[PDB]
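Undergrad: Mind looking over this structure? Questions follow.
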Amino acid sequence: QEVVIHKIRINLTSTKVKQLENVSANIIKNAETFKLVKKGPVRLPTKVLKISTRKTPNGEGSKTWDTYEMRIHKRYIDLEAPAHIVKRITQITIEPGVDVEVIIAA
Amino acid sequence: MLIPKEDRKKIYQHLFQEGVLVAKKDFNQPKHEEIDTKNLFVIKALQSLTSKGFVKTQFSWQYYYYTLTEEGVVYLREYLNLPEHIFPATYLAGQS
Amino acid sequence: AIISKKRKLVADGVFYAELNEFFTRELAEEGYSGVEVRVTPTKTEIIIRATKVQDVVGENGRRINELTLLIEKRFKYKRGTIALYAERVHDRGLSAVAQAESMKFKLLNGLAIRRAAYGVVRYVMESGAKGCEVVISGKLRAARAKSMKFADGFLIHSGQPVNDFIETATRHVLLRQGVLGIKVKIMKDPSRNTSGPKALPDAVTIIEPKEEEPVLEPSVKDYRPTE
Amino acid sequence: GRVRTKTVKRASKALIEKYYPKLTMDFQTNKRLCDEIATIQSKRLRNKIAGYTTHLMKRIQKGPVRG
RNA sequence: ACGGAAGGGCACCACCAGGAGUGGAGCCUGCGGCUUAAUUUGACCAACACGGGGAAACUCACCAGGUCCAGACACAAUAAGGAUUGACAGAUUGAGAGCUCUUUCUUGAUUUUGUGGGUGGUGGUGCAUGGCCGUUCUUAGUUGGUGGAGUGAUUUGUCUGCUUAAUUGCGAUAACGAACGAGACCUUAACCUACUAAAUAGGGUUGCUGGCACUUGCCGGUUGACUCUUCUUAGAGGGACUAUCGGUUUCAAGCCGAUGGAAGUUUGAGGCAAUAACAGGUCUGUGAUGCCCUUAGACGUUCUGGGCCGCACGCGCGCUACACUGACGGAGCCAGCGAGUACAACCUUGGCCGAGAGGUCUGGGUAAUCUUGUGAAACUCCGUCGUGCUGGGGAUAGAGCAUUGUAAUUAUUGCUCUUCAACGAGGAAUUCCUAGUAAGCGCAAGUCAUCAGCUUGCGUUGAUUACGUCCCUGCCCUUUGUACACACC
Ligand SMILES: [Mg+2]
Ligand SMILES: [Mg+2]
Ligand SMILES: [Mg+2]
Ligand SMILES: [Mg+2]
Ligand SMILES: [Mg+2]
Ligand SMILES: [Mg+2]
Ligand SMILES: [Mg+2]
Ligand SMILES: [Mg+2]
Ligand SMILES: [Mg+2]
Ligand SMILES: [Mg+2]
Ligand SMILES: [Mg+2]
Ligand SMILES: [Mg+2]
Ligand SMILES: [Mg+2]
Ligand SMILES: [Mg+2]
Ligand SMILES: [Mg+2]
Ligand SMILES: [Mg+2]
Ligand SMILES: [Mg+2]
Ligand SMILES: [Mg+2]
Ligand SMILES: [Mg+2]
Ligand SMILES: [Mg+2]
Ligand SMILES: [Mg+2]
Ligand SMILES: [Mg+2]
Ligand SMILES: [Mg+2]
Ligand SMILES: [Mg+2]
Ligand SMILES: [Mg+2]
Ligand SMILES: [Mg+2]
Ligand SMILES: [Mg+2]
Ligand SMILES: [Mg+2]
Ligand SMILES: [Mg+2]
Ligand SMILES: [Mg+2]
Ligand SMILES: [Mg+2]
Ligand SMILES: [Mg+2]
Ligand SMILES: [Mg+2]
Ligand SMILES: [Mg+2]
Ligand SMILES: [Mg+2]
Ligand SMILES: [Mg+2]
C-alpha cells in the first residue's frame, strides 16, 4: 500500500565522466522501463578542485609552480515515481567512482 | 616505562580479546580510543611487547599498526590466565 | 555524516592514499600490486591485487581478517560494513609496481645489480610489453654516485600516452653503504590496453581494399516482382 | 609553419596508392572516406590526412607526380 | 670546447621602433655588514616577497633558565622486614613545578644502578646517497642494428641546396631500415538558434496584484498555472584541413595575398616534454637515508621569557607618490575565477544599536539553492578646489575607541582627531613586453585565531610601436684553426 508518490530525488557525483554518464543513462532507462515521470539528468557545473603548488621542495631554482585539479560532475535527477521500483533502482547499477545519493523529499 | 599494573591489564586484555591496535603516534593525548587510558604507555607497552617478539608493528602515517603473532597469543594467555581454548577475534573464521 | 561533497571526494581520495601506502608498507613481502576501493550501499569492499594471494590470505584466512580489523579501527568503521578481498594479479609481468618490489627484494639478497635489472627487463618483455626500462641510481660498488640505465623496446615520453600506456614505479632500497633509487617504466601493448585508446595517437591503420571483377556489362538480372 | 610531418604524408600516400578509384577532388567526401576506410585515432589528424590527400589528388589530376 | 675566424639560420630572459618601468623619495619585505646572550639557518643568469619563511606563544632549528625519559630488550645487581612511585603545607622557584630541601605519609615489581644494546635528534656531511626540482636548453637535438671508410680513437646514416617553429619536409645520396625528441596527444578559450534535457538556470503566455497612463500600453511584484531552451549549464557530436581563388616556388616541399568564415601566427594559452650532464639545491619535507657526532644537568622532549624585526651603512623584488589626463565631495552601478561549519564552531544575509571599526538578535547555506547579481575599483555625470610642496604626497608621532588571541609592550590589525616629513618625472646603468598583449584597476584563493604592500589565479578599461636584424647579449647547424680537454675563468 505504497501508492503515495515520494517525489524522490537521485543525485550523483564523481571525478570521472563515462561511468557517471553510464549510471545516469541506466537510471533513466530503468525509469522509462516502468513508466515513470521524471526530470532529466540535469547537468551541473563541473566544480574544478584546484591546488597550486611550488614544484621545488626546497625553494631553490627558478620559480616554477603547478596546478593540480579534479572535476566533480553532479547530474542530479528527480522522479515523480512509485516507491519500491525506485529504491530497487537505487540499490542496483552501482559503479565505483560515481557516488549515488538519494533524498526522499516527501 | 612505569605503567600502573591495572592500566597495563586493560591494554593486555583488550589486545587479546581482539588482537589489533592502532595507537595514534601523538603522545601526551589524554585517552587512547577504546582503551580509556593514556596513549603514551599504550605505545610504550606495545613497543616493549614487540621488543619481546610478540607484536608485529608497522608505522605508516603516524598510526602505529599493531598485530599479535602466535607466541604473542600464548604469552598473553599465560599472563591473562584465561582458558587455553579461546583465540583472539582475528582467529574467528569470519570468512566470505 | 554530513560534509561538503567536494571535501567528501577529497577525503575519499586521501583515504585511498591511506590504504595504498599502508598496504605498500605491510604486503611488500607479498609482491603487492594495487588496491581498489569499491563502495556499495552497505559494504565498503576493498580488493587487494597482489602476487602471493594465498599467503596474503594466510592460514585459515586470519591474516586478511586482522588486516580488515586494522582498517575498521584506522577509519572507525563498523563490523560487516567493510570487508577485504585478495585477488591475484592478472599478469605480474605488466605491473611495474610488482616488478619494482621483486627486484628490490633481489637487490636485498646481494644479487648482481646488472643481472637483476636485465632479468627484470627480459621477464617484462617476455610478458608481451612493448618496451621496458630500468634506472638504478646510487652508490653502485663505488663511493661516487652513478646511475645505470637499462632499456629495451621503445618508451615514449610526451603526451598522455605517457599516462595511457607507460606505467612507472619508484622504490628505495637500503644497503649497508647507502640508498639505491629504482625507477621502472613499462610501455604496455596499446592493442591490449582496454578501457581507453587502443593505439598511439599517430598510429594509422589502412583497410586493405577488396578486389572485384567489373566485366559484366549488360547484366540486367531480374528478381521476381512483389506487390 | 604548417609542414605536415611524416605521418600525414605517408598515410595519404598509402591512401592514394590503395584507394585512388574511390577518392575524389572534394575535401569533405575524402574526409568521410578517411573516416570509413582508415582508423585514424584523433580527428585533427584525420582532417590533416584528408587535406593532404586532397592536395595530392589535385596534383595527380594536374599530371603524373613522383613517389 | 673556444676564436675580438668564415657561411647559413634563430631569441623582446637580444637589439632596432617604441610602451611601462626600476635605479632618485617614503615605506614593506629579503639579503650583506655591524650589533647582540641569541639577533637560528640554506641558497651569492640558475641567491636575495626564495625554503610557501605574512615566525608575538607553538612554529624553532638560536639564547638565559626550569622539567621529564617518551633509555625498548637481555644480563647482573639490589630488593617484598620496601626495587621503587607520588604528594598537602611551608623554604626555593616565575610559577598553584614535591623541580630541590623541612618534616613525614602514600605506592606496590611497572621499576631503580651498572654492562651490552636500542631509540630520539630542523646535529654534521647534498663533496656519501635516493626522490624531487632547477639549469645547461625552449633550443632541436640524440641514439643504436645490418652495410661502407678508416689499424685506430671515430666516422657515413644525422647532408649540396630550398622549406619549416622543428633532424619539419621536398629531395640528393654508402647508405637501408628504424627508436626517442619535435609533431601527433590532453586540458582550456572560442563557434554551435542542429540533438538531449533543466523549480539548484533562464524566457514567453496567462493568472493573482502595485503604479502610471487612460485605448487596447508601459515598469513592476507572485515558489499560482501552461509552455520553451536563444542566452546559462554539460554530455554525445559537428566544425578548420591553409578550404576556394590569385600570385611565387628544381614547380615539389612550401611561402604571400584576397574571399568565404568563428576561427587562417601550430587558431590563441598551456600540460607532459629526448641523450648526456652540474660535484647546481634540498639530510631544514619525509619513520627516505650510509657514515660520523650526541644519547641524562642530552644536540632527545616539554615549560617560561627573549630573538629570528635590533641599526653609523650597500644591494635585490615591490607598494604609494611627486598631481589638472588630477585630489576631494556627492550621484551613476559593471564582472569572472573561488571559498564557505562536525565533532565544530566556517561564509554571512536580514532587523536593531554605534560616527567607525565593531556589537547584538534572528535566519539561510555541507552549496548553480544561502553570502552572491560577491551592486569591486579604475570608470562615468554634476560640483568644490586652481599651479600654491597646495585640498598632492601620508611617512614619522600624540591621544582615544574596538577586534583576534592564554597572552598584543618592541605600536598584531581595524577605526576617530591632529603633526603633517622626503618627494619638482629621478645619473651612470638596467628590467619586462608585439594583441584583448603591455599598462592601469581591483576581487578571489594559498599563508590565516588576527595580519599583507606577497604569490597563484580571475576579470574591468585597454593602447603606442614593430611583423625586422645579427649591431650588443646569447642559441642551433656547417667549414676552418688550435700549443685548449680541470676545455679561453
Ligand atoms: Mg614521439
Ligand atoms: Mg608534443
Ligand atoms: Mg638582459
Ligand atoms: Mg630599446
Ligand atoms: Mg612604478
Ligand atoms: Mg628606489
Ligand atoms: Mg637605493
Ligand atoms: Mg639577520
Ligand atoms: Mg637561461
Ligand atoms: Mg608576523
Ligand atoms: Mg619556547
Ligand atoms: Mg619562538
Ligand atoms: Mg632552556
Ligand atoms: Mg627530526
Ligand atoms: Mg630539538
Ligand atoms: Mg649536489
Ligand atoms: Mg630537454
Ligand atoms: Mg658499423
Ligand atoms: Mg655523426
Ligand atoms: Mg542552446
Ligand atoms: Mg596555389
Ligand atoms: Mg601550442
Ligand atoms: Mg655543491
Ligand atoms: Mg639526522
Ligand atoms: Mg628573517
Ligand atoms: Mg623574485
Ligand atoms: Mg570619484
Ligand atoms: Mg558575478
Ligand atoms: Mg562599487
Ligand atoms: Mg598638504
Ligand atoms: Mg589629499
Ligand atoms: Mg592607481
Ligand atoms: Mg611570502
Ligand atoms: Mg620576431
Ligand atoms: Mg693536455
Ligand atoms: Mg686569458
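Every residue, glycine as well, gets a Cβ built from its backbone with ideal geometry; the counts of neighbours run over all protein chains shown. Laboratory data are not the source of any read-out in this text; all were calculated from the coordinates shown.
Undergrad: What whole number of Å gives the distance from the Cα centroid of the range B:24-68 to the Cα centroid of the range C:151-178?
TA: Measuring centre to centre over Cα atoms gives 37 Å.
Undergrad: So if I place +1 on the C-beta of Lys and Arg and -1 on the C-beta of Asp and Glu, and nothing else carries charge, what would the dipole magnitude of chain B be about its Cα centre? I want it in debye, nearest 20.
TA: Computed charge dipole of chain B: roughly 340 debye.
Undergrad: Calculate how large, on average over all directions, the projected area of the Cα convex hull of the protein assembly as shown is; give the answer in nm² to one decimal.
TA: 42.5
Undergrad: How long is the gain from C:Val220 to C:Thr40 if the chain were fully straight, where each residue apart is worth 0.36 nm and the alpha carbon distance is subtracted?
TA: Between C:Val220 and C:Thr40, full extension yields an extra 58.3 nm.
Undergrad: Sticking with this structure for a sec: Once both axes come from the Cα atoms, what is the angle between helix A:18-33 and the longest principal axis of chain A, in degrees from 0 to 90, rounded to 10?
TA: 10
Undergrad: Using the Karplus curve 6.51 cos²θ - 1.76 cosθ + 1.60 with θ = phi - 60°, what ³J(HN,Hα) values do you get for each residue of the range A:57-70, in whole Hz, with x for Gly and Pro?
TA: x, 9, x, 7, x, 4, 4, 10, 10, 8, 10, 9, 7, 10
Undergrad: I would also like to ask the following. Under the definition of partner shielding as Cβ atoms of other protein chains within 10 Å of a residue Cβ, what is the mean value for peptide C:200-212?
TA: For this peptide, the per-residue mean of nearby foreign Cβ atoms is 5.
Undergrad: The range D:1-61: Rg/Rh from Cα coordinates, Kirkwood Rh?
TA: So for the range D:1-61, dividing Rg by the Kirkwood Rh gives 0.92.
Undergrad: So which GluC sites (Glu not before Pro) in the range A:41-106 pass both tests, a DSSP loop state and at most 15 other Cβ atoms within 10 Å of the Cβ?
TA: A:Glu60
Undergrad: Using a cut-off of 14 Å between alpha-carbon atoms, which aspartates and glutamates can reach C:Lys73, once sequence neighbours fewer than 8 places away in the same chain are excluded?
TA: B:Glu18, B:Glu33, B:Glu34, C:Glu18
Undergrad: Hey, another quick one. If you average 1/r across every pair of different Cα atoms in the range C:1-90 and take the reciprocal, what Kirkwood value do you get, in Å?
TA: 13.7 Å is the Kirkwood radius here.
Undergrad: Let me ask something additional. With chain C treated as a Gaussian network of Cα nodes joined by springs under 10 Å, which of C:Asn193, C:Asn20, C:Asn60 yields the largest mean-square fluctuation?
TA: C:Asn60
Undergrad: While we're looking at this one, here's another question. Using Cα springs under 10 Å in a Gaussian network model of chain C, which residue among C:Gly138, C:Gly178, C:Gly31 shows the largest mean-square fluctuation?
TA: Answer for the Gaussian network model of chain C: C:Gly178.
Undergrad: Same structure again: Using a 10 Å cut-off around each Cβ, can you sort D:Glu17, C:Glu217 from fewest to most neighbouring Cβ atoms?
TA: C:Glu217, D:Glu17
Undergrad: Could you list D:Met25, A:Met70 so that the one with the fewest beta carbons within 10 Å of its beta carbon is first and the one with the most is last?
TA: Exposure proxy ranking, most exposed first: D:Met25, A:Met70.
Undergrad: Pick from C:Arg192, C:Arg141, C:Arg171: which residue has the top mean-square fluctuation in a GNM of chain C where Cα pairs under 10 Å get a spring?
TA: C:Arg141
Undergrad: With the cut-off at 1.5 for a/c, could you classify chain C from its C-alpha gyration tensor as rounded, prolate or oblate?
TA: Here chain C falls in the oblate category.
Undergrad: Between D:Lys18 and A:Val48, what is the FRET efficiency for a Förster distance of 30 Å, r being their Cβ-Cβ separation, to the nearest 0.05?
TA: Step by step, r from the Cβ atoms, then E = 0.05.
Undergrad: Return an integer: the convex hull volume of the alpha-carbon atoms of the range B:49-96, in Å³ per residue.
TA: 96
Undergrad: For the cross-link pairs C:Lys130/D:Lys22; A:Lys7/A:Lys87; B:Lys56/C:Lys104; A:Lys74/C:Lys188; C:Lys8/C:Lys43, which exceed 24 Å when the distance is taken from alpha carbon to alpha carbon?
TA: The answer is C:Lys130/D:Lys22; A:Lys74/C:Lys188.
Undergrad: With a point put 7 Å past each Cα toward its Cβ, work out how far C:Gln160 is from A:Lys38 in nm, to one decimal.
TA: 2.8
Undergrad: On the Cα set of the range C:113-179, report Rg and Dmax in Å, please.
TA: My reading of the Cα-based Rg and Dmax gives 13.8, 39 Å.
Undergrad: Can you grab the distance from the C-alpha centre of chain D to the C-alpha centre of the range C:34-56, Å, no decimals?
TA: Taking the Cα centre of each part, chain D and the range C:34-56 sit 50 Å apart.
Undergrad: Say the dipole of the protein assembly as shown comes from +1 at the beta carbon of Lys and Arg and -1 at that of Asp and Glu; which of C:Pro225, D:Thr24, B:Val22 then lies farthest toward its positive end?
TA: With unit charges placed on the Cβ atoms, the residue in question is D:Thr24.
Undergrad: Now a separate question. Among C:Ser158, C:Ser191, rank each residue by its count of other Cβ atoms within 10 Å, from fewest to most, as a rough exposure measure.
TA: The most exposed by this proxy come first: C:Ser158, C:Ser191.
Undergrad: Here's a follow-up. Can you pull the three principal axis extents for the Cα set of the range C:99-227, in Å, largest first?
TA: Sorted largest first, the three principal extents are 92, 29, 26 Å.
Undergrad: Okay, moving on. Magnitude of the Cβ-charge dipole of the protein assembly as shown, K/R +1 and D/E -1, about the Cα centre, nearest 20 debye?
TA: Rounded to the nearest 20 debye, it is 2340 debye.
Undergrad: So, counting K/R as plus one and D/E as minus one, what does the shell of residues with Cβ under 12 Å around A:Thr56 add up to?
TA: So the environment of A:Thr56 carries a net charge of +1.
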